[PDB]
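Student: What shape does this take:
(chains A and B)
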Amino acid sequence: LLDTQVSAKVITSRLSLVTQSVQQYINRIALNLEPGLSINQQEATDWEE
Amino acid sequence: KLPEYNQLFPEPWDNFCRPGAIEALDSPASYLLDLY
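Tutor: Numbering: from 1, shown residues only, chains lettered A, B, ... in the order given. Provided below are the atomic coordinates:
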């Protein structure tokens, strides 16, 4: 849930980076990619909204 | 199962040639061959 190929030209905060990774995880499960862990229709709508 | 292009369109990619090559079904060479 993190990108290894970023160049050294990029800087970020620890918090922001963590947030990014979390968001990626959320989106993946929302996209129904991981096994299990389904999401309710409204629940998903709230996220994607 | 999962939603992905190939999953929606199950097809062996090897059943396609690379674009731009002579092997292309529309190569300028192919056009010339048709003309000939």
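Student: from here on, contacts and neighbour counts on C-alpha atoms
Tutor: Noted.
Student: Span of stretch A:33-44 from start to end?
Tutor: The first and last residues of stretch A:33-44 sit 14 Å apart, counting by C-alpha to C-alpha, to the nearest Å.
Student: outside of it, which residues touch it?
Tutor: Counting contacts by C-alpha atoms under 8 Å, 6 or more residues apart in numbering or on different chains, the residues outside stretch A:33-44 that touch it are A:28, A:29, A:30, A:32, B:2, B:3.
Student: Narrow these to just the buried residues.
Tutor: Neighbour counting with 16 or more other C-alpha atoms under 10 Å in any protein chain shown marks residue A:30 as buried within the contacts of stretch A:33-44.
Student: Reformat the contacts of stretch A:33-44 as a markdown table; add secondary structure and distance to residue A:40.
Tutor: Output for those, formatted as a markdown table (DSSP: H, G, I helix; E, B strand; the rest coil; distance: C-alpha to C-alpha, whole Å):
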| residue | secondary structure | distance to residue A:40 |
| --- | --- | --- |
| A:28 | helix | 15 |
| A:29 | helix | 12 |
| A:30 | helix | 10 |
| A:32 | coil | 12 |
| B:2 | coil | 18 |
| B:3 | coil | 18 |
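Student: Between the contacts of stretch A:33-44, which sits nearest residue B:21?
Tutor: Distance to residue B:21 across the contacts of stretch A:33-44 (C-alpha to C-alpha) is lowest for residue B:3, with 30.8 Å.
Student: Show the contacting residues for the closest one.
Tutor: Neighbour list for residue B:3: residue A:33 [criterion: C-alpha under 8 Å, 6+ apart].
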